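K.L.:
coords below, sequence missing:
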């Protein structure tokens, strides 16, 4: 999510 | 893709 | 939530 | 089916 | 049915 | 004479 | 309170 | 259903 | 006297 | 019949 | 032919 | 039908 | 009198 | 059906 | 106090 | 379907 | 909580 | 919280 | 007569 | 922390 | 800093 | 040179 | 120079 | 693809 697409959902 | 938190139902 | 009767293809 | 949410798909 | 009546619910 | 497929309450 | 002969047929 | 309140939810 | 299937949620 | 057909005759 | 789903009442 | 009469009801 | 070669289905 | 913050009573 | 008559005070 | 060709016929 | 609900108090 | 007073800072 | 939470200084 | 800052969430 | 003096900064 | 406390991602 | 029963509470 | 010398403090 900072470079790589995190999904806290 | 579908990189998200996906429910489908 | 109540995702009922999904027919996916 | 009598209150069942049934598919018949 | 084939020869008699039938309903869905 | 006779009743049949009968959903009820 | 129903009360007589009813014959759910 | 009849007199007993059911609760099919 | 609640009686149903209420989900306090 | 999900990938199929049905009759209900 | 796969003509299925017939009633030949 | 096809070969002979058939009544219904 | 359906008589000649015939596919019913 | 997701009250994540439900204070009650 | 939801069915139970509380007294937060 | 999702990410799949999935031909019925 | 950085992903979801707090409910302070 | 809920019953007790709160403070911050 | 509880004086509860307190932050001095 | 009554000395330095906080974060919630 | 209640009877003395303090430098939170 | 405190960076301090901070969530990321 | 406060000097009595203060009840800082 | 960040790439320098970046000091997440």
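P.N.:
Sure thing, it's come through. Numbers count the residues shown, from 1 in each chain, chains lettered A, B, ... in the order given.
K.L.:
residue of chain A closest to chain U, please.
P.N.:
Residue nearest to chain U within chain A: residue A:2 (31.2 Å; CB to the nearest CB). Just so you know, the C-beta spots here come from the backbone N, C-alpha and C atoms, and that holds for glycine as well.
K.L.:
contacting residues around the residue nearest to that residue when sequence neighbours are not counted?
P.N.:
Spatial nearest neighbour of residue A:2, excluding adjacent residues (CB to CB, 6 or more residues apart in numbering or on different chains): residue V:9 at 5.0 Å. Contacts for residue V:9 (CB atoms under 8 Å, 6 or more residues apart in numbering or on different chains) come out as A:1, A:2, A:6.
K.L.:
taking the centroid of chain A, which residue is nearest it?
P.N.:
Centroid check for chain A by CA atoms, centre = their mean gives residue A:6 as the closest residue, at 1.5 Å.
K.L.:
follow-up on the earlier one: adding secondary structure, write the contacts of residue V:9 out as a markdown table.
P.N.:
Output for those, formatted as a markdown table (DSSP: H, G, I helix; E, B strand; the rest coil):
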| residue | secondary structure |
| --- | --- |
| A:1 | coil |
| A:2 | coil |
| A:6 | coil |
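K.L.:
looking at these, spot the one nearest chain M.
P.N.:
residue A:6 (57.2 Å).
K.L.:
find the nearest non-adjacent residue to the closest one, please.
P.N.:
Per CB to CB, 6+ apart, closest to residue A:6 is residue V:9, 5.5 Å.
K.L.:
quick one: what helix or strand has the one you found in it?
P.N.:
Secondary structure assignment for residue V:9, by DSSP states H and E: no helix or strand.
K.L.:
how much space separates it from chain B?
P.N.:
The spacing between residue V:9 and chain B, counted by CB to the nearest CB, to the nearest Å, is 15 Å.
K.L.:
I'd like to know which of the contacts of residue V:9 is nearest to chain K.
P.N.:
Nearest member of the contacts of residue V:9 to chain K, counting by CB to the nearest CB, is residue A:6, at 49.8 Å.
K.L.:
phi first, then psi, for that closest one.
P.N.:
The phi/psi pair for residue A:6 (degrees, to the nearest 10) reads phi -100, psi 160.
K.L.:
could you look up the SS state of the nearest residue to residue A:8 once chain neighbours are set aside?
P.N.:
With CB to CB, 6+ apart as the criterion, residue A:8 has its nearest non-adjacent residue at 4.4 Å, and that residue is residue Q:3. Here residue Q:3 is recorded as coil under three-state DSSP.
K.L.:
surely residue Q:3 and residue A:6 touch.
P.N.:
No - counting by CB atoms under 8 Å, residue Q:3 sits too far from residue A:6 to count as a contact (9.8 Å).
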